[PDB]
Amino acid sequence: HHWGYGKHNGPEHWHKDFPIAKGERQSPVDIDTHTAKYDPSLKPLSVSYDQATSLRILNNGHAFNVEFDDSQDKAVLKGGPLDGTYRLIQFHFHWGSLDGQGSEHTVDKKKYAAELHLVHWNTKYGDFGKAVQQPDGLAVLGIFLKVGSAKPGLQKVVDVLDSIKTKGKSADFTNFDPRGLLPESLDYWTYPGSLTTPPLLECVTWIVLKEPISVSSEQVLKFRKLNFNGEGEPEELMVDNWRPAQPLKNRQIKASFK
Ligand SMILES: O=C(O)c1ccccc1S
Ligand SMILES: [Zn+2]
């Protein structure tokens, strides 16, 4: 009776094993666009993915992670609200059973079909396991997905999902360029928060891009064919792997843009 996204083990249950679920800086949150303040002092955001080295794709039983070589400064996030250098370790998505839900963050209560999380760790802490124990350990770039035109740069991801249908399956996934998942504009909102999955650690500087990317209905349908279960277990479609918005408490959301 491990955590998940079902009636008996979903987000409303997580606080029993993970009391930080009711903490002071939980994610996601609703972004109230009229309350977010422009912060002219945010430095420009720097997303440097030219030398990124993807390795593998893994179905971990709650999402799929595209993993990178993070043993050198190859793919880094800098600038914006951040002090120092954050290294890309993985990306994953959260998505819905239907196009009208799936994102974790909301914008004026609007839900997107899905949300991409590009996860980076602060190099001053040496490794990801140490970084998640620090209040400035991670920087996550959050990107909304809406259903419309296909995203060409997503198709290589979509096409390998049949090979990692069930929990614990992985596949080689080299030479994937995450620049093909970014929208035109880097305008963003930022606030201090948490992992959206257990263990819900309060270690994340969230950087949520305002401009969504468009994916096709056929692309997100292939996400929804994944399974939460292992091979030879009863089939449970991997859908609605999102946590709903949490109380903002004593936080301010800052905007990079007027
Ligand atoms: O899903 C996770 O475990 C996660 C991990 C790192 C950063 C963000 C998230 S939401
Ligand atoms: Zn996530």
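Following Swiss-Prot, chain A residues are numbered 3-260, in order.
How was it done? The header gives X-ray crystallography, 1.2 Å.
Cβ atoms are placed via backbone N, Cα and C, with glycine included.
Annotated domain 'Alpha-carbonic anhydrase' per Swiss-Prot: 3-259, in sequence order. The annotation site 'Fine-tunes the proton-transfer properties of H-64' is assigned in Swiss-Prot to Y7, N62, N67. According to Swiss-Prot, the feature active site, proton donor/acceptor maps to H64, an assignment based on a curator's inference. Residues or ranges marked as Zn(2+) binding site by Swiss-Prot on the basis of experimental evidence: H94, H96, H119. What Swiss-Prot lists as phosphoserine is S165, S172. Under the heading substrate binding site, Swiss-Prot lists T198, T199.
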Residue among recorded positions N67, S172, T199 with least C-beta crowding, 10 angstrom cut-off: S172
Local Cβ density at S165 (phosphoserine) - other Cβ atoms counted within 10 Å: 13
Most crowded position, judged by CB atoms within 10 A, among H64, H96 as recorded positions: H96
Output field, Zn(2+) shell: CB within 8 Å of site CB centroid, site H94, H96, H119 dropped: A65, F93, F95, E106, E117, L118, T198
In the chain carrying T198 (substrate binding site), residues 6 or more apart in sequence that have Cβ under 8 angstroms from it: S29, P30, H96, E106, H119, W244, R245
Of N67, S165, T198, recorded positions neighbouring ligand 2, Cβ under 6 A: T198
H94 (Zn(2+) binding site): tally of other CB atoms within 10 A of its CB: 20
Residues among the recorded positions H64, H119, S165, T198, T199 that border ligand 1 - Cβ under 6 angstroms, in sequence order: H119, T198, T199
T199 (substrate binding site) and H64 (active site, proton donor/acceptor), distance between Cα atoms, whole Å: 9
